[PDB]
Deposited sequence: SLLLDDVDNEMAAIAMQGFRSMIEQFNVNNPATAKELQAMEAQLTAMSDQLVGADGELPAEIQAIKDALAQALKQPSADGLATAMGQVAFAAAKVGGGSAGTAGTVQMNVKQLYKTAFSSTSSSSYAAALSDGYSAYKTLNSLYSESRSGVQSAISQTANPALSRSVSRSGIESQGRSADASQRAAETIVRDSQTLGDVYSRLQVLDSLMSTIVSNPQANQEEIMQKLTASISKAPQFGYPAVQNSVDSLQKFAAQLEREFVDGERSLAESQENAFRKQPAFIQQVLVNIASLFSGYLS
């Protein structure tokens, strides 16, 4: 009876290819369906057979994915819950601790829940906000994690971030429009929001810095951030024009950053959700 944290490379790649094959069975751009859930099950069984044989005992983490897919067929939360269990398993294969696999699972599951949220939902803004918190948490964890946990994160989170988006004086409103203008997917939104977040963080941490230095440092940070990079650099340059261009703009940006930064980013998220939702 096999334990996933104690697998050889051939079986690690078998498992991960099975997870990748499950992922190809759905389309995040439309509500999840019985057919997709069933197809994921068929891919899971094909990989399980390779792992332990048509009759061997399923490892705990594969058991969990099976249970999850079973429930989702009986009743969005369903596919999202199953993909969190996929990300847990993949994280365990990669040598992650229980705590790490748990964090990966909770936060990947959230990205799918955000991907499947309708823009008309009363909870859409919330879901967009929760999805950014999950994004950040995953990017933090990615950096400090073993390679296989990195693969578990990116391979399960990316499909949710691929969800398409499209649009329907105040700085937070101006930032929202700038992010949205340059974004096709949810991943585009969050990666560009993170650039703004980093711009604000750079100002706070370097209050004496002028425009050129702020941008120099931000550029370095974007180069050192976890994983298109040229596109985020180009986006940084677009933020420069809006919020760092000249002494007046910088002074405005410095007030928001020193005095309001979390509130500002959450107001930006509200305004981004408004642009996708049409609602105030």
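- Absence of C-alpha coordinates is noted for several segments of the deposited sequence, namely 76-77, 171-178, 238-245, 299.
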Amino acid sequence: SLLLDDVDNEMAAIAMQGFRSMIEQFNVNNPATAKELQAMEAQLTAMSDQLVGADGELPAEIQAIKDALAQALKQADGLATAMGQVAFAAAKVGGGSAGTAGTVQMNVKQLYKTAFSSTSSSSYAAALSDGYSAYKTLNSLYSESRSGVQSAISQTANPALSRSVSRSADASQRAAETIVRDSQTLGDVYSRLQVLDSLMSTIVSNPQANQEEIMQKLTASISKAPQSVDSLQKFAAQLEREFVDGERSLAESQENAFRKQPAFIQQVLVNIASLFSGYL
From here on, numbers count along this sequence of modelled residues.
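- Per-stretch averaging of Cα B factors for 18-26 and 5-13 places 5-13 on top.
- Per the PDB record, of the two stretches 96-104 and 189-197, 96-104 carries the greater mean B-factor over its C-alpha atoms.
- Per the PDB entry, 172 shows the highest C-alpha temperature factor of the residues 145, 110, 172, 184.
- When the C-alpha B-factors of 245, 252, 213, 36 are read from the PDB record, the largest value belongs to 245.
- Among the modelled residues of its chain, residue 237 has a C-alpha B-factor that falls in the highest third according to the deposited record.
- Among the modelled residues of the chain, residue 157 sits in the lowest third by CA temperature factor in this PDB entry.
- Annotation for residue 51: CA B-factor lies in the middle third of the chain's modelled residues.
- Ranked by C-alpha B-factor against the other modelled residues of its chain, residue 86 falls in the lowest third.
- In this PDB entry, residue 114 carries a Cα temperature factor that places it within the lowest third of its chain's modelled residues.
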